[PDB]
């Protein structure tokens, strides 16, 4: 078969930037295709050989290249251009794609809005307690979330989940769920969530005392 070695693996750029993605073929081909896969959706046709733009595709997308080295050029990057881009070869059997190039939007630093959610009384009945901490609409992606339970730092009992960059405001959202047994949870008073972020001059902490509505 034919390997589409795509470059780079990922990249970030500000709105208005000129973004170039390289793809490289193991054998000489005449043209490549390009596809745009938005998160949680199928690949969408972006450019088809030689360089015709697919339906809905704006004029800011162009495909160039000759021997084995081809390029996708986004002339002016927009917030909704965040996606994985795939080059495709079509001359040979089987058809092969590149591994993908993830494109992030780079915007001004945005601080997270931190919310804490105690375990619902409905859940405690099941015999398990899940404390959820929420970090909302922030940039960049990098953020540290630490669990304090009665001033003790928690390890190996919480999970994080990150939202894919928003298409409008180019921001992320983070959740962290501390998970205890009703028994263990019933043994402590203060549940804290210490958020550390770049756009946050001092770490923010949201807390509650077990059953304090």
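Numbering follows the first chain given and starts at 1.
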Comparing 166-174 with 45-53, the one whose average Cα B-factor in the PDB entry is higher: 166-174
Per the entry, higher mean C-alpha B factor between 115-123 and 96-104: 115-123
Deposited CA B-factor, highest of 192, 15, 21, 25: 15
Out of 78, 88, 84, 71, highest CA B-factor residue: 78
Chain third (lowest, middle, highest) by recorded CA B-factor, residue given as residue 207: middle
Position of residue 186 among the chain's modelled residues by C-alpha B-factor, lowest, middle or highest third: highest
Third of the chain, ranked by Cα B-factor, where residue 59 sits: highest
For residue 66, the third of its chain into which the C-alpha B factor falls: highest
